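Colleague: Below: one structure in structure tokens.
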Amino acid sequence: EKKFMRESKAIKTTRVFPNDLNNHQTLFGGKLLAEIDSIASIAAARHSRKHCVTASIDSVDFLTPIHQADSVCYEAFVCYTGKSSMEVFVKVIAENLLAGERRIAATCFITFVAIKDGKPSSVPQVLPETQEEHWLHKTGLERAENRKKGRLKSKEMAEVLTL
Amino acid sequence: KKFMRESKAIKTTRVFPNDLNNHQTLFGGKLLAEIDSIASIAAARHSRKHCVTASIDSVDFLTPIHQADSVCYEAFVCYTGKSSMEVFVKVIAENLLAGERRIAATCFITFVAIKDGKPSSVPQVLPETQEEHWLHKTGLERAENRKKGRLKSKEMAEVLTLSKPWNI
Amino acid sequence: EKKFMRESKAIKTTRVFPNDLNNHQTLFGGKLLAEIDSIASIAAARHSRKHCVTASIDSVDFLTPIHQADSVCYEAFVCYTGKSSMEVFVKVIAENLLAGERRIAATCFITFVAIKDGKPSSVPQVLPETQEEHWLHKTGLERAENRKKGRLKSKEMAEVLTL
Amino acid sequence: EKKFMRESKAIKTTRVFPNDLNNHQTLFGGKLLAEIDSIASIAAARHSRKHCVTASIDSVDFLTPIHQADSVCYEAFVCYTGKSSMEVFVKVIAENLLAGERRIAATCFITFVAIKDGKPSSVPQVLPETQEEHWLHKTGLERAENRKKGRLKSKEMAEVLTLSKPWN
Amino acid sequence: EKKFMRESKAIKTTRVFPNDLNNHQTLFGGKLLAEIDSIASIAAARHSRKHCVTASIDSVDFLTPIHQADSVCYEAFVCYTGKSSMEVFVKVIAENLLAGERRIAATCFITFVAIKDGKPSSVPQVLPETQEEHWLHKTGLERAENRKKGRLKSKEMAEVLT
Amino acid sequence: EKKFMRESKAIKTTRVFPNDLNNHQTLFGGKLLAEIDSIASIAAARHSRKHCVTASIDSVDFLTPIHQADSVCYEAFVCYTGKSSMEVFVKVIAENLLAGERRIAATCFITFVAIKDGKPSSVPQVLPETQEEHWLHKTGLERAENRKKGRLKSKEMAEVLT
Ligand SMILES: CC(C)(COP(=O)(O)OP(=O)(O)OC[C@H]1O[C@@H](n2cnc3c(N)ncnc32)[C@H](O)[C@@H]1OP(=O)(O)O)[C@@H](O)C(=O)NCCC(=O)NCCS
Ligand SMILES: CC(C)(COP(=O)(O)OP(=O)(O)OC[C@H]1O[C@@H](n2cnc3c(N)ncnc32)[C@H](O)[C@@H]1OP(=O)(O)O)[C@@H](O)C(=O)NCCC(=O)NCCS
Ligand SMILES: CC(C)(COP(=O)(O)OP(=O)(O)OC[C@H]1O[C@@H](n2cnc3c(N)ncnc32)[C@H](O)[C@@H]1OP(=O)(O)O)[C@@H](O)C(=O)NCCC(=O)NCCS
Ligand SMILES: CC(C)(COP(=O)(O)OP(=O)(O)OC[C@H]1O[C@@H](n2cnc3c(N)ncnc32)[C@H](O)[C@@H]1OP(=O)(O)O)[C@@H](O)C(=O)NCCC(=O)NCCS
Ligand SMILES: CC(C)(COP(=O)(O)OP(=O)(O)OC[C@H]1O[C@@H](n2cnc3c(N)ncnc32)[C@H](O)[C@@H]1OP(=O)(O)O)[C@@H](O)C(=O)NCCC(=O)NCCS
Ligand SMILES: CC(C)(COP(=O)(O)OP(=O)(O)OC[C@H]1O[C@@H](n2cnc3c(N)ncnc32)[C@H](O)[C@@H]1OP(=O)(O)O)[C@@H](O)C(=O)NCCC(=O)NCCS
């Protein structure tokens, strides 16, 4: 079965809470990364319609500092698939509420996997229908490959560290 | 002019039902959140200044953590620039009933000291032990490797901000 | 000095957390009511681009029990505007992450007030564009009026209660 | 058997926590409504034993602002009873801890339904004792009708959005 | 500059939340302690009308396990003073909402110190009214004495541990 | 069978979050007690290899205020035992991140009890290895005895109350 990339899209608009602020009253990278895993998993659920799990998150670069005045929106769709794997694109936009002026804060490639009876299950492939969607699709296979290599470099480090 | 031990930080914790998902397994988000949290302490101890998370290298979720396990986060500064700091964070899981332990993940995560408004000078780290040396070899390599990631991520910002047609 | 309703839309898609669950493993009304106030204030900030404050919430009727299996999406726009008030229409949909059977769990009128230098500050008027949006505006004044009445029944009660 | 209203009374007094303050440093409405559902559910629980569910909540008017320097008290008890329904009354007092000046911040009627086997269940009737327990028990049956009419619009609006039934 | 105990009484009834449950589906001891501190902190404020801090907690003995379906009532009041210190009694009662049968889960003497402008500040004296209130007042002096001592052992242990 | 103390060692270093502060920008005592219970519950499990429950906490003397700038290290390990019970020692040390001027904020003896199928359950013996470890181990007996008294005092106060 097949599924449009818009059929698994999830948005989360929210205020910045002051507990989640730091030494200079800026949002902790961690809370951003927490919001990205949660919105990203919803997309992954909508698309595969089965119980998923976070396997990897690609590198994330924090472009701009977020404040107590700012709002923060997390847009998330599925833009690639293997058999059980989903690559979810997530864009993080920070709107200053009073000033009104938006700015891009982080973008993230994050990788969800469907699981059934403890074993990974099949997921429908996603098909793009937008310039941005198309470019993501085209470029996606390259990343999925750079990731298989990355996964092995992580597993090696788990074993070196052991001994 | 400072040692990696001088910024070491350990947080050992319990897993809380609210961070379990539908399969009763810890969320990735919870883990990334604590990797940022401890890392931020490490970078603080070291720099002796207030820092901010510049970037977090990719992280691979090697194992599922359960309700009956405990998670240990170990982290220290292992590389330095002039305001930057490569923090290395190691995530050990351990069944509390059984003695079985496993590495759940590793993460390089980059903090930037800020004195007033903009980045400030942060001391250079000298490895002491064997494993502290082995993590200094790749320091210069990943630093560049990342320097290329930021610009890529910064260009994609502009494609979305300025609306540049995708191929640039 | 004017603004379309859609300029104040704000959505929050989220999962149900087991701590916000009760003895039947059902979502508490309060987490729903808390979420509604949260999403609605962003809507109220986007619109007035000023510091708003929650003055009242109309009755909510909880139509359907939300489960650990479901997501809950919260849509929120300003439908009516006073001198410094603003009615925010808030729709609460709840779909089963797997099955995919969507349903509306609650709907809520909720009244925010712009505030500056500690005293109520002016807001734009708001203009509908859709069938549903037009019915909101049109029926809006009837509601604004019942609130000026209910607020007196409320103030009077506080006074009796001191006794 | 029928209970006597003060057999299901519940008080929660509490601090105000910086995370639940506004842009203005005043308490959010949502926190208050969440606390009101919380206490009410205990009252509703004590009265009828069993296990209840929030059917609906009458409008709430936020009479006062609440500040980081204050304390808030939630007092709640069943006042009306239908067959399975329970009307909980909730009084919300704010107090400056350093002043000792107390105000009413809000009141709320909030209906609760007992559920024994995934379907509704037989709640005991509530007898009032004091004058206050008289003064708001009498107008009980009035505001219970209003809510049959409130539910109708809401249930009606559901189908308009669900079934897309054209507005009117 | 004298106040009755009822003028500091504070009550907190809560349900037991699944986060704060341990692996045996029973409440964490540290949740019970966190709550005991927060309710005792209100009482000390109610009574001092000044901003207070926690100086000590006496030993607490957890007499009953608290399960998922129980309520928990915290009842705190000031029960003995000195110059800048206030000593709050906290009785914690756990009620099974279905069975309706209560039990005492713990009681706690917790000490707060009123503090104005970086240094401890003056506090009203307390006046008992009931038998219970009178009982806890007379016995205050003796409790105050042991605190003064254990404090020394605690500051001793802090010098020697480093 | 029996384990060394360092086989139950648990460490928790942590930020001081602004929600856990009071009006004076200082850490709530009850948060410290919450953190202390949680890190000691790991030490207990690590050593017991069974489901543990807090049975009591000794008095705790808060020697230092902890400001929002500070970090908090909690260090727990088991240091006396009986049949099903385990007494855990916890030292709390407060470091000013931007000056690193460490001080001990508190120290705590907290007693946990291993539990198997409703009832208390067998737990290994603890072996000291250092001065401190040897130190706390010898004094363990006296402390176990004084605890035994209070529990009766604590049960006494529970019968006598409502
Ligand atoms: C994800 C996981 C279930 C994979 O199961 P496995 O049997 O070990 O791995 P497999 O080789 O069968 O992987 C199956 C799929 O996962 C994908 N995958 C697994 N690990 C991945 C990683 N680190 N990065 C990207 N894709 C990954 C594979 O590419 C493959 O995709 P496919 O459907 O196209 O074949 C396993 O890695 C796991 O459970 N990890 C932790 C899960 C978790 O709990 N998340 C974080 C906990 S905090
Ligand atoms: C990242 C940031 C520091 C860039 O600062 P800047 O003044 O614009 O740029 P500079 O390149 O001069 O930054 C100085 C250092 O940051 C490093 N840096 C900045 N972004 C980086 C990234 N993504 N990865 C690695 N290093 C990075 C630079 O390499 C440089 O290291 P060096 O000083 O040793 O040479 C600033 O944009 C920032 O930190 N904002 C976001 C921080 C934040 O709030 N993060 C979490 C929010 S959720
Ligand atoms: C709303 C508030 C800020 C201003 O009240 P006030 O000083 O009496 O102001 P007014 O009586 O002149 O009313 C000003 C506006 O508030 C609106 N308003 C006030 N209370 C209202 C209520 N209960 N329902 C609906 N509208 C209300 C009025 O309609 C008016 O809007 P408009 O003039 O643009 O038409 C005040 O009622 C308040 O502070 N209450 C809530 C405080 C808060 O923090 N909310 C919840 C905390 S938990
Ligand atoms: C409450 C609920 C069980 C009603 O069940 P139902 O079979 O649909 O309806 P019934 O007519 O049998 O309702 C039974 C009682 O609920 C009362 N009731 C139901 N909805 C009500 C509402 N919105 N306001 C007031 N009373 C209401 C009825 O008056 C009736 O009282 P009675 O027993 O004395 O006659 C159902 O509406 C429900 O479960 N919804 C809320 C559940 C929930 O989880 N809420 C909060 C989640 S965020
Ligand atoms: C408690 C504190 C104010 C002690 O003040 P100090 O100037 O060092 O000592 P003092 O003897 O002057 O204390 C003043 C009063 O408090 C009492 N007191 C102080 N420390 C005490 C302790 N540990 N136990 C009991 N009483 C204590 C003194 O007996 C005295 O009582 P009195 O004046 O009514 O007779 C100070 O040590 C402090 O701030 N402690 C930590 C506060 C805190 O942050 N608590 C929670 C941290 S997690
Ligand atoms: C632990 C508990 C079952 C006591 O056990 P019991 O069935 O009464 O039998 P005992 O009192 O003999 O307990 C057995 C052991 O625990 C020790 N113990 C029990 N209660 C104790 C207390 N209050 N203080 C210290 N030690 C205690 C006994 O000394 C004995 O040690 P030992 O086994 O080496 O001889 C009971 O105190 C309890 O479960 N309390 C609630 C625990 C809890 O939920 N904690 C958090 C509450 S929020």
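Chain labels A, B, ... are given in the sequence in which chains occur in the structure tokens; within each chain residues are numbered consecutively from 1, and ligands are likewise numbered from 1 in the order shown.
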Within 10 Å of stretch 34-37 of chain B, counting only C-alpha atoms, which residues qualify if same-chain residues fewer than 3 places away don't, as a PyMOL selection string?
Modeller: (chain A and resi 28-31+33-34) or (chain B and resi 11+29-31+40-42+52-53+56+72-75+87-91+105-111) or (chain F and resi 14-15)
Colleague: Grab the residues selected above and save them as an mmCIF file, in the first residue's frame with N, CA and C atoms.
Modeller:
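Just written: out_1.cif:
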data_model
loop_
_atom_site.group_PDB
_atom_site.id
_atom_site.type_symbol
_atom_site.label_atom_id
_atom_site.label_comp_id
_atom_site.auth_asym_id
_atom_site.auth_seq_id
_atom_site.Cartn_x
_atom_site.Cartn_y
_atom_site.Cartn_z
ATOM 1 N N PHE A 28 16.871 25.233 26.506
ATOM 2 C CA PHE A 28 17.869 24.139 26.499
ATOM 3 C C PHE A 28 17.732 23.363 25.180
ATOM 4 N N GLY A 29 18.855 23.042 24.522
ATOM 5 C CA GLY A 29 18.860 22.229 23.295
ATOM 6 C C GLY A 29 18.109 20.939 23.530
ATOM 7 N N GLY A 30 18.110 20.482 24.778
ATOM 8 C CA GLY A 30 17.598 19.147 25.110
ATOM 9 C C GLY A 30 16.110 19.136 24.929
ATOM 10 N N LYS A 31 15.452 20.238 25.307
ATOM 11 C CA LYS A 31 13.975 20.318 25.355
ATOM 12 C C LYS A 31 13.469 20.409 23.927
ATOM 13 N N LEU A 33 15.127 18.946 21.495
ATOM 14 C CA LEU A 33 15.415 17.593 20.960
ATOM 15 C C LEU A 33 14.339 16.631 21.457
ATOM 16 N N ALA A 34 13.761 16.942 22.622
ATOM 17 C CA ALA A 34 12.651 16.191 23.250
ATOM 18 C C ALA A 34 11.372 16.436 22.458
ATOM 19 N N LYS B 11 25.370 11.421 36.133
ATOM 20 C CA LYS B 11 23.955 11.330 36.588
ATOM 21 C C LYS B 11 23.426 9.904 36.350
ATOM 22 N N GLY B 29 13.601 10.967 23.036
ATOM 23 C CA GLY B 29 13.547 12.377 23.489
ATOM 24 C C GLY B 29 14.062 12.505 24.909
ATOM 25 N N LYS B 30 13.601 11.609 25.783
ATOM 26 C CA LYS B 30 13.985 11.637 27.212
ATOM 27 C C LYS B 30 15.513 11.519 27.254
ATOM 28 N N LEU B 31 16.051 10.551 26.506
ATOM 29 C CA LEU B 31 17.508 10.294 26.489
ATOM 30 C C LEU B 31 18.262 11.519 25.957
ATOM 31 N N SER B 40 25.774 19.718 29.617
ATOM 32 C CA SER B 40 25.738 21.182 29.898
ATOM 33 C C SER B 40 26.494 21.469 31.190
ATOM 34 N N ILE B 41 26.428 20.536 32.152
ATOM 35 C CA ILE B 41 27.137 20.602 33.467
ATOM 36 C C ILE B 41 28.642 20.460 33.173
ATOM 37 N N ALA B 42 29.037 19.376 32.482
ATOM 38 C CA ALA B 42 30.433 19.133 32.065
ATOM 39 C C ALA B 42 31.009 20.441 31.509
ATOM 40 N N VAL B 52 25.891 27.305 26.012
ATOM 41 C CA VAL B 52 24.705 27.063 25.152
ATOM 42 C C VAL B 52 25.056 25.909 24.207
ATOM 43 N N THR B 53 24.079 25.083 23.869
ATOM 44 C CA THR B 53 24.244 23.929 22.958
ATOM 45 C C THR B 53 24.304 24.424 21.503
ATOM 46 N N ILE B 56 24.546 18.916 18.195
ATOM 47 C CA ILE B 56 24.644 17.546 18.781
ATOM 48 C C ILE B 56 24.900 16.574 17.620
ATOM 49 N N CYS B 72 22.663 5.332 33.344
ATOM 50 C CA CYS B 72 23.789 6.122 33.882
ATOM 51 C C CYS B 72 24.336 6.987 32.753
ATOM 52 N N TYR B 73 24.464 8.283 32.987
ATOM 53 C CA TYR B 73 25.004 9.206 31.965
ATOM 54 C C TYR B 73 26.335 9.686 32.502
ATOM 55 N N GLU B 74 27.420 9.390 31.797
ATOM 56 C CA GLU B 74 28.795 9.846 32.130
ATOM 57 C C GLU B 74 29.186 10.850 31.050
ATOM 58 N N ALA B 75 29.795 11.982 31.374
ATOM 59 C CA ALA B 75 30.144 12.946 30.311
ATOM 60 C C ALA B 75 31.238 13.899 30.758
ATOM 61 N N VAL B 87 31.834 17.774 24.027
ATOM 62 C CA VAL B 87 31.524 16.978 25.252
ATOM 63 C C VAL B 87 31.255 15.571 24.746
ATOM 64 N N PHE B 88 31.727 14.557 25.460
ATOM 65 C CA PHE B 88 31.450 13.133 25.134
ATOM 66 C C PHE B 88 30.629 12.576 26.292
ATOM 67 N N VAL B 89 29.509 11.966 25.917
ATOM 68 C CA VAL B 89 28.468 11.450 26.842
ATOM 69 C C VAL B 89 28.278 9.985 26.485
ATOM 70 N N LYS B 90 28.299 9.152 27.518
ATOM 71 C CA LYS B 90 28.186 7.682 27.421
ATOM 72 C C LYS B 90 26.941 7.264 28.213
ATOM 73 N N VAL B 91 26.047 6.486 27.611
ATOM 74 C CA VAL B 91 24.737 6.160 28.229
ATOM 75 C C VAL B 91 24.687 4.671 28.561
ATOM 76 N N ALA B 105 23.922 4.219 24.254
ATOM 77 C CA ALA B 105 24.367 5.183 23.221
ATOM 78 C C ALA B 105 25.639 5.940 23.649
ATOM 79 N N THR B 106 26.304 6.572 22.675
ATOM 80 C CA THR B 106 27.403 7.563 22.835
ATOM 81 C C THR B 106 26.984 8.808 22.040
ATOM 82 N N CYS B 107 27.529 9.974 22.361
ATOM 83 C CA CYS B 107 27.132 11.251 21.722
ATOM 84 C C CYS B 107 28.271 12.258 21.909
ATOM 85 N N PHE B 108 28.653 12.915 20.814
ATOM 86 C CA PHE B 108 29.521 14.118 20.850
ATOM 87 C C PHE B 108 28.545 15.284 20.809
ATOM 88 N N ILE B 109 28.785 16.295 21.631
ATOM 89 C CA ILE B 109 27.802 17.393 21.782
ATOM 90 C C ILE B 109 28.582 18.647 22.166
ATOM 91 N N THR B 110 28.348 19.728 21.423
ATOM 92 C CA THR B 110 29.261 20.880 21.284
ATOM 93 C C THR B 110 28.652 22.075 22.014
ATOM 94 N N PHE B 111 29.302 22.549 23.075
ATOM 95 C CA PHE B 111 28.869 23.711 23.897
ATOM 96 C C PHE B 111 29.754 24.927 23.587
ATOM 97 N N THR F 14 23.505 17.058 38.977
ATOM 98 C CA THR F 14 22.193 17.603 38.531
ATOM 99 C C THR F 14 22.206 19.125 38.523
ATOM 100 N N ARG F 15 21.435 19.703 37.621
ATOM 101 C CA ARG F 15 21.210 21.167 37.558
ATOM 102 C C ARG F 15 20.290 21.553 38.732
#
Colleague: Could you produce a table of the residues of chain D lying within 7 Å of ligand 3, with the nearest pair of atoms per residue and their separation in Å rounded to one decimal, using only C-alpha atoms and all ligand atoms, ordered by chain and increasing residue number, as CSV?
Modeller:
residue,atom,partner,partner_atom_place_in_ligand_line,distance
D:26,CA,ligand 3,44 (O),6.0
D:27,CA,ligand 3,48 (S),5.1
D:28,CA,ligand 3,48 (S),5.0
D:29,CA,ligand 3,48 (S),3.9
D:32,CA,ligand 3,48 (S),5.6
D:61,CA,ligand 3,23 (N),4.5
D:62,CA,ligand 3,41 (C),4.5
D:63,CA,ligand 3,40 (N),4.9
D:64,CA,ligand 3,42 (C),4.8
D:65,CA,ligand 3,44 (O),3.8
D:66,CA,ligand 3,47 (C),6.1
Colleague: Pull the closest atom pair for each residue of stretch 34-143 of chain D that gets at most 10 Å from stretch 139-158 of chain C, along with the distance in Å to one decimal, counting only C-alpha atoms, ordering rows by chain and then ascending residue number, as a Markdown table.
Modeller:
| residue | atom | partner | partner_atom | distance |
| --- | --- | --- | --- | --- |
| D:59 | CA | C:150 | CA | 8.4 |
| D:60 | CA | C:154 | CA | 8.1 |
| D:61 | CA | C:151 | CA | 6.2 |
| D:62 | CA | C:151 | CA | 9.0 |
| D:63 | CA | C:155 | CA | 7.1 |
| D:91 | CA | C:158 | CA | 8.9 |
| D:92 | CA | C:158 | CA | 9.7 |
| D:93 | CA | C:158 | CA | 9.8 |
| D:103 | CA | C:158 | CA | 8.6 |
| D:104 | CA | C:158 | CA | 5.8 |
| D:105 | CA | C:158 | CA | 8.2 |
| D:106 | CA | C:158 | CA | 7.4 |
| D:107 | CA | C:154 | CA | 7.5 |
| D:108 | CA | C:154 | CA | 9.3 |
Colleague: Would you superpose chain C on chain A, least squares on all C-alpha atoms in order, and hand back the fitted chain as a compact mmCIF listing (two decimals) with C-alpha atoms, in the first residue's frame?
Modeller:
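This went into part_8.txt:
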# COMPACT_ATOMS: atom_id res chain seq x y z
CA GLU C 1 0.34 -0.16 0.62
CA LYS C 2 1.10 3.47 -0.47
CA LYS C 3 0.50 6.86 1.27
CA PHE C 4 1.24 10.55 0.37
CA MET C 5 3.81 12.34 2.65
CA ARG C 6 1.13 14.88 3.76
CA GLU C 7 -0.98 11.95 5.32
CA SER C 8 1.88 11.79 7.97
CA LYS C 9 2.10 15.58 8.77
CA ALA C 10 1.91 16.58 12.50
CA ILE C 11 2.35 20.11 13.96
CA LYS C 12 2.94 21.18 17.59
CA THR C 13 2.74 24.94 18.42
CA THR C 14 3.74 25.65 22.12
CA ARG C 15 5.15 28.39 24.41
CA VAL C 16 8.57 28.36 26.21
CA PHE C 17 8.31 27.44 29.92
CA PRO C 18 10.72 29.17 32.40
CA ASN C 19 11.87 25.76 33.88
CA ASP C 20 13.18 24.66 30.44
CA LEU C 21 15.26 27.88 30.49
CA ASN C 22 19.00 28.15 31.23
CA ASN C 23 21.38 30.75 32.75
CA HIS C 24 20.92 33.19 29.83
CA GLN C 25 17.11 32.67 29.93
CA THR C 26 17.47 30.63 26.65
CA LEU C 27 15.73 27.29 25.78
CA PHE C 28 17.93 24.17 26.50
CA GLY C 29 18.83 22.11 23.36
CA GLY C 30 17.38 19.11 25.16
CA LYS C 31 13.78 20.38 25.40
CA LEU C 32 14.00 21.13 21.64
CA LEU C 33 15.52 17.68 21.01
CA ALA C 34 12.76 16.07 23.22
CA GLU C 35 10.00 17.95 21.41
CA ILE C 36 11.43 16.93 17.96
CA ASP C 37 11.39 13.23 18.97
CA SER C 38 7.80 13.63 20.34
CA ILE C 39 6.21 15.38 17.30
CA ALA C 40 8.16 13.03 14.91
CA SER C 41 6.74 9.77 16.50
CA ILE C 42 3.15 10.97 15.88
CA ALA C 43 4.13 11.54 12.20
CA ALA C 44 5.62 8.00 12.28
CA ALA C 45 2.43 6.55 13.93
CA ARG C 46 0.00 8.39 11.53
CA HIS C 47 2.02 6.86 8.61
CA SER C 48 2.74 3.22 9.68
CA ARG C 49 -0.45 3.12 11.86
CA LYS C 50 1.72 0.75 14.02
CA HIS C 51 3.89 0.92 17.24
CA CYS C 52 7.14 2.81 16.25
CA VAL C 53 10.49 3.22 18.09
CA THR C 54 13.31 5.86 17.67
CA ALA C 55 16.41 4.20 16.01
CA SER C 56 18.55 7.30 15.42
CA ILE C 57 18.62 11.13 15.06
CA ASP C 58 21.01 12.85 12.53
CA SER C 59 23.15 15.85 13.69
CA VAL C 60 21.10 18.93 14.71
CA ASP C 61 22.71 22.41 14.54
CA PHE C 62 20.99 24.98 16.88
CA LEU C 63 20.96 28.10 14.64
CA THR C 64 19.14 30.62 16.88
CA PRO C 65 18.56 31.05 20.66
CA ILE C 66 14.88 30.64 21.71
CA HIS C 67 13.59 33.06 24.46
CA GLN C 68 10.65 33.19 27.01
CA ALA C 69 9.10 35.79 24.58
CA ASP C 70 8.93 33.24 21.64
CA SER C 71 6.64 30.41 20.60
CA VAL C 72 8.15 27.38 18.77
CA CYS C 73 6.24 25.45 16.06
CA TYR C 74 7.36 21.89 15.10
CA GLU C 75 6.30 20.52 11.64
CA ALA C 76 7.02 16.77 11.06
CA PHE C 77 6.40 14.44 8.05
CA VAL C 78 7.77 11.06 6.89
CA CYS C 79 9.84 11.86 3.73
CA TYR C 80 11.53 8.41 3.13
CA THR C 81 10.51 4.74 3.84
CA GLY C 82 12.52 1.47 4.05
CA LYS C 83 11.13 -2.05 4.73
CA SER C 84 10.14 -1.03 8.34
CA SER C 85 12.14 2.24 8.78
CA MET C 86 10.92 5.82 8.03
CA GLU C 87 12.95 9.10 7.76
CA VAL C 88 10.93 11.92 9.40
CA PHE C 89 11.79 15.49 8.24
CA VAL C 90 11.25 17.90 11.16
CA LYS C 91 11.25 21.72 10.73
CA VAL C 92 11.47 23.90 13.90
CA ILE C 93 10.27 27.53 13.43
CA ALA C 94 10.47 30.07 16.35
CA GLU C 95 8.62 33.42 16.15
CA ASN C 96 8.46 36.26 18.73
CA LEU C 97 4.85 36.21 20.08
CA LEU C 98 4.76 40.09 20.03
CA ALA C 99 7.18 41.42 17.29
CA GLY C 100 6.12 38.49 14.96
CA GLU C 101 9.62 38.01 13.38
CA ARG C 102 9.51 34.22 12.48
CA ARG C 103 12.84 32.29 12.05
CA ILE C 104 13.90 28.58 11.73
CA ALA C 105 15.67 27.43 14.97
CA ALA C 106 16.67 23.90 13.82
CA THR C 107 15.99 21.26 11.13
CA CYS C 108 16.34 17.52 11.83
CA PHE C 109 16.26 14.14 10.03
CA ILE C 110 15.15 11.51 12.58
CA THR C 111 14.65 7.81 11.95
CA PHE C 112 11.69 5.82 13.39
CA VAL C 113 11.19 2.01 13.08
CA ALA C 114 7.78 0.27 13.07
CA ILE C 115 7.63 -2.70 15.52
CA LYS C 116 5.06 -5.55 16.02
CA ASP C 117 5.27 -8.67 18.22
CA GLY C 118 8.68 -7.23 19.20
CA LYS C 119 10.31 -7.49 15.77
CA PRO C 120 10.43 -4.90 12.92
CA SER C 121 7.20 -4.75 10.86
CA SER C 122 6.67 -3.42 7.27
CA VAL C 123 5.55 0.14 6.39
CA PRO C 124 4.09 1.68 3.21
CA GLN C 125 6.28 3.57 0.71
CA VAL C 126 5.74 7.39 0.70
CA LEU C 127 5.09 9.73 -2.30
CA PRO C 128 6.05 13.43 -2.61
CA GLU C 129 3.88 16.15 -4.24
CA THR C 130 5.86 19.35 -3.62
CA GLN C 131 9.23 20.88 -4.70
CA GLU C 132 10.58 20.43 -1.14
CA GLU C 133 8.95 16.98 -0.85
CA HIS C 134 10.54 15.81 -4.14
CA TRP C 135 14.12 17.00 -3.08
CA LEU C 136 13.62 15.03 0.18
CA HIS C 137 12.70 11.75 -1.57
CA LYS C 138 15.35 12.20 -4.31
CA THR C 139 18.16 12.99 -1.78
CA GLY C 140 16.73 10.46 0.71
CA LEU C 141 18.64 7.28 -0.28
CA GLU C 142 22.03 9.10 -0.03
CA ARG C 143 21.16 9.77 3.68
CA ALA C 144 19.69 6.32 4.47
CA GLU C 145 23.09 4.94 3.32
CA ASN C 146 25.28 7.22 5.54
CA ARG C 147 23.13 6.03 8.50
CA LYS C 148 23.91 2.28 7.76
CA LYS C 149 27.62 3.42 7.92
CA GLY C 150 27.28 5.69 11.03
CA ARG C 151 25.35 2.89 12.89
CA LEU C 152 28.43 0.64 12.39
CA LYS C 153 30.81 3.41 13.63
CA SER C 154 28.34 3.66 16.63
CA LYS C 155 28.09 -0.17 17.34
CA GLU C 156 31.94 -0.48 17.01
CA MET C 157 32.36 2.41 19.57
CA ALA C 158 30.10 0.66 22.20
CA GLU C 159 32.41 -2.44 21.81
CA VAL C 160 35.76 -0.49 22.16
CA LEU C 161 34.20 1.16 25.30
CA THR C 162 33.63 -2.24 27.11
CA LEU C 163 37.41 -2.96 26.40
Colleague: Dump the neighbourhood of ligand 6 as number ranges by chain: all residues within 9 Å, distances computed on only C-alpha atoms and all ligand atoms.
Modeller: E: 26-33, 60-67, 105-106; F: 52-57, 81-87, 110-115, 118-123, 144, 147-148, 150-152, 154-155
Colleague: Near stretch 95-102 of chain B, within 8 Å and counting only C-alpha atoms, which residues show up once chain neighbours fewer than 5 positions away are dropped, as a PyMOL selection string?
Modeller: (chain B and resi 63+68-70) or (chain F and resi 42+45-46+49-51)
Colleague: Using the chain letters and numbers from this document, which residues of stretch 1-166 of chain D does DSSP assign to strand (DSSP E), as JSON, numbers by chain?
Modeller: {"D": [10, 11, 12, 13, 14, 15, 52, 53, 54, 55, 56, 57, 60, 61, 70, 71, 72, 73, 74, 75, 76, 77, 78, 79, 80, 81, 85, 86, 87, 88, 89, 90, 91, 92, 93, 94, 95, 96, 102, 103, 104, 105, 106, 107, 108, 109, 110, 111, 112, 113, 114]}
Colleague: Using only C-alpha atoms and all ligand atoms, which residues of chain D come within 6 Å of ligand 4, and what is the closest atom pair for each, with the distance in Å to one decimal? Give it as a Markdown table, sorted by chain and residue number.
Modeller:
| residue | atom | partner | partner_atom_place_in_ligand_line | distance |
| --- | --- | --- | --- | --- |
| D:53 | CA | ligand 4 | 43 (C) | 5.2 |
| D:54 | CA | ligand 4 | 45 (N) | 4.6 |
| D:55 | CA | ligand 4 | 1 (C) | 4.3 |
| D:56 | CA | ligand 4 | 23 (N) | 4.4 |
| D:82 | CA | ligand 4 | 34 (O) | 3.6 |
| D:83 | CA | ligand 4 | 34 (O) | 3.3 |
| D:84 | CA | ligand 4 | 33 (O) | 3.3 |
| D:85 | CA | ligand 4 | 31 (O) | 4.3 |
| D:111 | CA | ligand 4 | 25 (C) | 5.6 |
| D:113 | CA | ligand 4 | 16 (O) | 5.6 |
| D:120 | CA | ligand 4 | 14 (C) | 5.8 |
| D:147 | CA | ligand 4 | 24 (N) | 5.4 |
| D:151 | CA | ligand 4 | 23 (N) | 4.8 |
